[PDB]
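Spelled out, the chains give:
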Amino acid sequence: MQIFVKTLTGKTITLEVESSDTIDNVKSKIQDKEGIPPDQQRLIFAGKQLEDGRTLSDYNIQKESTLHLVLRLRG
Amino acid sequence: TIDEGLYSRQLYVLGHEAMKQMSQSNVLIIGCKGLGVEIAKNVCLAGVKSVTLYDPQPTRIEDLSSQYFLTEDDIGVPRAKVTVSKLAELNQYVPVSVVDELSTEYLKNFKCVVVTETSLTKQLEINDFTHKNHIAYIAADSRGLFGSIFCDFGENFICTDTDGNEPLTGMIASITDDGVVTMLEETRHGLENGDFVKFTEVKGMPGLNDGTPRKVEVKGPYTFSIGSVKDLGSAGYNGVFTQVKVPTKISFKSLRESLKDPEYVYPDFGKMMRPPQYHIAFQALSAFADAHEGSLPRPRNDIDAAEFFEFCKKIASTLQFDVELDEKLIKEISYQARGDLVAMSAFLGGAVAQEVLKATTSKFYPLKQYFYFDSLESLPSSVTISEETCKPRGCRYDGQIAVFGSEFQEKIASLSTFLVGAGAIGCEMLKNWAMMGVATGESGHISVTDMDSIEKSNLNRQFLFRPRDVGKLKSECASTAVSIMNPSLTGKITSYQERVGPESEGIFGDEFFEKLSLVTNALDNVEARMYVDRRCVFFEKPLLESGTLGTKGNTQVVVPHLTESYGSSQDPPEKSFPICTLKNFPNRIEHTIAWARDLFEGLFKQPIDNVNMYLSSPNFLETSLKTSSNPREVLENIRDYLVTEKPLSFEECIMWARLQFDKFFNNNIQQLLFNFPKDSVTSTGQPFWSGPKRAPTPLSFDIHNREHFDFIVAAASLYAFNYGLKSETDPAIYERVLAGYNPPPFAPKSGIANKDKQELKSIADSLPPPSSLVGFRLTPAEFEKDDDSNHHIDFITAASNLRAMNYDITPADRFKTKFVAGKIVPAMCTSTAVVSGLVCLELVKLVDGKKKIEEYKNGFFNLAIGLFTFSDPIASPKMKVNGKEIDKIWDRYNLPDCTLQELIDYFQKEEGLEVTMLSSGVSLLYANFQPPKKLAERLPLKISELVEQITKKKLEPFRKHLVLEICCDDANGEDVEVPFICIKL
Amino acid sequence: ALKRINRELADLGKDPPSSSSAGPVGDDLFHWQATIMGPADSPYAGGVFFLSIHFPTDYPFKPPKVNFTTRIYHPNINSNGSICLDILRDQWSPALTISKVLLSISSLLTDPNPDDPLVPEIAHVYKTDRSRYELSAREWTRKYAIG
Ligand SMILES: Nc1ncnc2c1ncn2[C@@H]1O[C@H](COP(=O)(O)OP(=O)(O)OP(=O)(O)O)[C@@H](O)[C@H]1O
Ligand SMILES: [Mg+2]
Ligand SMILES: [Mg+2]
């Protein structure tokens, strides 16, 4: 299926994923497309932050869902 | 109009509006015994408009058991007339009066009415009028080890703040068009459902900056939902959200209605069946007093106890209470009916004073409605308590003897305590010890140590000091005051002026510490608490720790060989900021305040020290050349502050202040923007000035602006003080001088033999010789927050606000700047009273020498919500050493002064353990991984000689022991922890 | 505290770090003078840097204080030697040995982090003119990190 990830600057990235895909795979795709390390990606959907080690289906992500991406930067 | 020089600590708890509303309220207090006088003292220190006292009963000797403003020369005089004169001196802004007679209509003149030591009929008569006329009514009572509080603030009480916490604020990452709001990375809002918030400094949605409250839907620990924001915008970038608190309506019930159907407050959840007993017991006490001409049951009397229990049965039958009475507890209350203790009086007085402040200010959540408290676990059991020993003896301790007896009185009178610190808790502790008669026997003694001096802001919660005492040592004044309170402590008190630490071991040595009975801490820093705890652990002495913070308070008791030490109770650390954030990329007002403090130190403190050291040390330059990290910086500072930029008048100070303004608020920002342009991108293509980084903007000096003028004035004043010149405040001179100023041209720079050494030599030969200036010294600027005329807080506020304007941060006024820069700890008098009461209630347990760990209680409380809790102390961890039970904390090894080899052999043989590391403090005496030659050179040396050689410092003559930390491995090679070694020199 | 420090020191003694050599100053267990050798495939090749480590009282529950002594031209290190690294500030846990900190500092020397710098001018030079940055690094590591 397809999903959309909105960044802090208003950009929308379209991704082709499957409901069974792990969060790690999605972070890998985002690193491949934008170059942001997975460790610094904070993906949120429906007010819940996606955690590594789970799958999209765990978060009830369905066709054409929208996620939000923010970056945790150290000092 | 609030005197911030006196209420500085109290305002950070209550606030400007709370105190402004409080200073317009009248309080009447009926009854002036220990509880009444305590309440009056706390209220007067609080700052109410006025206080009125009413107690026509003539004084008796036993009334001095808890009244610390009464003397034996006042016997036979009404308490109010002899107490008003002493109370009026506590605060100069709070008049105190006395009314001869009290008519009901007169009650309409007051805002709050406190009632103590009054029969039930009078309480009902007063309440039937103070309820329907909307007057706050608080009634307190303290009988022996039992206490009761009742509050009634009318049927329409409006509470503004319900928990005492500041509104929740946070920084927003972004807001979508669906109302989803997310904080910054790894930031928890902490909000709950149904709350109201307002948004400010939100870009893209100016409409949300109005401040209209909106509903909050918590979707997770880092995100929430506010609703629909379609109309105002589509997406909001950045901004700050602030919680909005809504008032709550609380409707109380009158005393007559609440007698039948009371509403209880449980101070502890382990015993929740008692308050229903106390509600009956107090009414039975009132009825018995009314039935015997106001005479309470005699102490430890069986006949009066039986009659009291019959009265309790009658009341229970009358009020249709389906509760099974406890004969033991009721008869215990009967025995202590005539008791009057100072610890219970202080505790309940603090509680009731806090309730009065709640009633007057309409702040915090009050008690609703009955509060019954007991500390019956404090009753001694190792002495003889009976009717013969508890009878009054015609002395000032009758109110305590009637509860504890004469044998326990003798035990108390021979204590040798040691109080560390003389702060607010120290003053309250000394008052309690003076009232209880601690160390009034032949073998008693008291020692109190403190090295600080009295300041104006300390008079708000330290009632043993007066405005005439400002500038003097705390310990001497406290000792004199408590000697005045109790003449029997004349010559039984020793006051030192020494800071308790490693360097004071010459005074607080083994001889001093081996005669004590207990140690009580009244400190305010963790380092001293840890040091005192270690010393007490070494000497095996009971310790009493107590701490306060605003309205929160806690008390802990440490018993040798029984409970754990203070060390393991260490609190979580504090907060410090990275250097990178402070230097270049701030995003909060705290960062700018820290930067302003560092700028102050680097401008007015360090260059002065360098100049002075250059003019004092004959060979300073050569040492600094090869020692200082930046010798060039030191030389340039010396040159600038001696020759290049030495002011000659105030005009040059103004010019220098303007130059520093341009150098710190206009050129550095331009350089930073040149290095990182506003359109720059990271290595990943993301924008740089995004998220936790805000794009700065250079400031152009506008003289007419307030902040620029304040900064110029502050900098000029500080520079003149450094050079000892005369400062001025008229704007005319500043406007005139700054009018004819030509800013030197500045442009960002990209950079791109012994010339450096020759440059340093050129700087050096330009410096005037040290001999040319002899006796010329520059005054460093030592930070002092409490003084309002030293231009310190003004300078910090100005610099912080200017840097906030640089980075588009919200500026803060002088109040918040003073709170943050000085690390001021909010404090209250009521919290001090409560913690002192709890500590003194634990002290009587310590004196009796209770052995079981279930008989002690560590206490915690929060007065902003009326929360009290008590939990048993944690037992000391145990361990197995060589198949034996060893206490981890309260065990030690005692060995003679033998050689290292003999010590190792002894541990190998007696304990069957191999020593792998031996240290004495912070020095490594011996290790198993050291080269053989060094060990062979160190093995045949004695421990004392080895320590002296390694530490390069001779042992002091007063040294009598060495504490060695040893890490040793077992036979199998498994590391086993062992207690420390106490080498006896 | 002392026991943990002794355990770490004994472990360091057993295994020579070769590239590193840490030890207490004099006989004080709360002050170490660590030595780091510049990586070969780095501008700091052939250089010896001395660091000062001060353990806090609540160690290892608090991160140690590490300060450079030899002058170094690095984006994340200022003239005072203060180090901009995460493990010393927030990621610190009561499980990392001083050897881990030395390895992390060596890696930081291997590749700086100009995205969040501490000395903006050095980071700007690094991002704009890489060759000039390399030349400056070689000059500084020859002037200060040698002898
Ligand atoms: N190491 C120490 N040895 C002895 N007394 C100490 C030590 N540290 C602090 N004190 C004393 O503890 C008391 C601290 O009490 P408190 O904090 O209420 O007063 P303050 O510090 O003068 O006031 P404020 O905190 O409002 O600035 C002071 O008397 C201080 O002298
Ligand atoms: Mg002080
Ligand atoms: Mg203090």
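Residues numbered from 1 in each chain as written, not as in the entry; some residues may be left out. Chains lettered and ligands numbered in written order. Heavy atoms only, no water.

- Looking at the entry header, you'll see cryo-EM listed as the method and 3.67 Å as the resolution.

**Let's talk about helix α10 (residues 342–361) of chain B**
Residues and elements named next belong to chain B.
Here is step 1: Taking 1.5 Å of rise per residue, 20 residues should cover 28 Å, and α10 covers 28 Å from first to last C-alpha, within 8% of that figure.
Here is step 2: With 20 of 20 residues buried, α10 is to be regarded as a mostly interior element.
Here is step 3: Phi for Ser-362, located one or two positions after α10, is positive at around 55°. (Helix = DSSP H or I, 4+ residues; strand = E, 2+ residues; numbered from the N terminus. Expected span 1.5 Å × (residues − 1). Buried < 20%, exposed > 50% of the residue type's maximum accessible area, 1.4 Å probe, protein only.)

**Some points on the interface of chain A and chain B**
Here is step 1: Facing 17 residues of chain A, the contacting portion of chain B comprises 16 residues.
Here is step 2: On inspection of chain A and its partner chain B, the count reaches two salt bridges.
Here is step 3: Linking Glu-186 of chain B and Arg-72 of chain A is a salt bridge whose minimum nitrogen-to-oxygen distance equals 2.6 Å.
Here is step 4: Summed over the shared surface of chain A and chain B, the number is three residue pairs in polar contact.
Here is step 5: Elements supplying a minimum of two residues to the side of chain A that touches chain B: β3 (41–45), β4 (48–49) and β5 (66–71) of chain A. (Contact = heavy atoms within 4.5 Å. Salt bridge = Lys/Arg side-chain N within 4 Å of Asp/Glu carboxyl O. Polar contact = N/O pair within 3.5 Å; in protein donor to acceptor, adjacent residues only side chain to side chain.)

**Here's the deal with the site of ligand 1**
All names here are of chain B.
Here is step 1: Around ligand 1, 15 residues are found, and the nearest of them are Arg-9, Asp-450, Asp-452, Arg-461 and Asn-525.
Here is step 2: One of the side-chain N or O atoms of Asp-452 is found 3.0 Å from an oxygen atom in ligand 1.
Here is step 3: Within the complex, the protein chains bury 87% of what would otherwise be the 630 Å² of accessible surface of ligand 1.
Here is step 4: A per-class count over the shell around ligand 1 returns five nonpolar, three polar and seven charged. (Near = heavy atom within 4 Å. Areas by Shrake-Rupley, 256 points an atom, 1.4 Å probe, with all protein chains shown as cover. Nonpolar A, V, L, I, M, F, W, Y, C, P; charged D, E, K, R; others polar.)

**Examining the sheet that holds strand β18 (residues 370–374) of chain B**
Whenever strands of a sheet pair, they do so through backbone hydrogen bonds, lying parallel or antiparallel.
Residue and element names in this part refer to chain B.
Here is step 1: A sheet is described by the order of its strands in space; here eight strands give the open sequence β3-β2-β1-β4-β5-β6-β18-β17, paired in mixed fashion. In this open sheet, the two strands that pair with only one neighbour each are β3 (96–98) and β17 (264–265).
Here is step 2: Pairing of β17 with β18 involves two bridges; the strand directions are parallel. The partner of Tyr-264 across the bridge, within β18, is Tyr-370.
Here is step 3: Each of β1 (26–30), β2 (50–54), β3, β4 (112–116) and β5 (136–143) touches helix α3 (residues 34–46); the most contacted strand, β4, lies at about 155° to it. (Pairing = 2+ DSSP bridges. Axes fitted to C-alpha atoms, helices over the stretch in contact; angles between N-to-C directions.)

**Details of a negative patch on the surface**
Here is step 1: On the surface, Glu-4, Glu-784, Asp-787, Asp-788 and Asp-813 of chain B cluster together into a negatively charged patch.
Here is step 2: Following the sequence through the fold, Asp-788 of chain B ends up in the loop between α25 (755–766) and α26 (792–806). (Patch = residues over 30% accessible without salt bridge, like charges linked within 9 Å, V, L, I, M, F, W, Y side chains within 5 Å. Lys, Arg positive; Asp, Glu negative; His and termini not counted. Charge placed at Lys NZ, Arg CZ, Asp CG, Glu CD.)

**Some remarks on the pattern of salt bridges**
Residues and elements named next belong to chain B.
Here is step 1: If you walk through the whole model with that rule in mind, you get 64 salt bridges over all chains.
Here is step 2: A salt bridge links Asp-374 to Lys-271; the nearest nitrogen and oxygen atoms lie 3.4 Å apart. Within this pair, whereas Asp-374 is found in strand β18, its partner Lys-271 is found in the loop between β17 and α7 (275–291), the two being separated by 103 residues in sequence.
Here is step 3: The class of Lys-271 is partly exposed, set by a relative accessible area of 21%.

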